[PDB]
């Protein structure tokens, strides 16, 4: 039988390899009367265990880095010699939270339960309610639509600590990468008043050995 846990696992394994990898992420945010400069990042992803997110553009931000160990983030900034702490749930840029780039998987961070099934045309979806295990994960509640036919993630709704809809995402531009048809675009839309939409494009995904010993403040002591 399919279970909520297995559905979530399958969707996670479509989104990303369940392995250590590198990927580039370009994030373009705009709202009708205001656009952001393009942001680009290189991500070294080791599940939900460890990651490094390095900003490459814009130039004003280049060189900042985020080190994740467990649920804790250390952020390296030019105004301080030692890194500082931000949370997974805090804002990266636009409609993107730190955890949206730094985490790999929903599994382990959320307890899944089937909320309902939905048909949107000739396609049926499982709608999973993902309850955050605790207040340090990225969200307290996510609703995730997973295609029943192939377990692909379809869209998500992200809720506040008090149950207000904050934003929505859509998974798009599926391509054959490392054993799966994986989404290479995610669109994150504000559900509130800003009019912002952030478009995240993933490129050059590749498996990479990421030793535990790179996930340290010393590894990130750089100046270019």
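Residue numbers count along the first chain shown, from 1.
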| query | finding |
| --- | --- |
| Of 188-196 and 28-36, the one with larger mean CA B-factor | 28-36 |
| Mean temperature factor over C-alpha atoms, higher-scoring stretch between 160-168 and 55-63 | 55-63 |
| 69, 46, 155, 182, ranked by C-alpha B-factor: the highest one | 69 |
| Residue, from 151, 76, 139, 106, that the PDB entry assigns the highest Cα B-factor | 76 |
| Chain thirds of CA B-factor: placement of residue 96 | lowest |
| Assigned third (lowest, middle, highest) for the C-alpha B factor of residue 42 | middle |
| Ranked C-alpha temperature factor of residue 147 among modelled chain residues, by third | lowest |
| Residue 176 - Cα temperature factor, lowest/middle/highest third of chain | highest |
| Residue 216 - which third its CA temperature factor falls in, relative to the rest of the chain | highest |
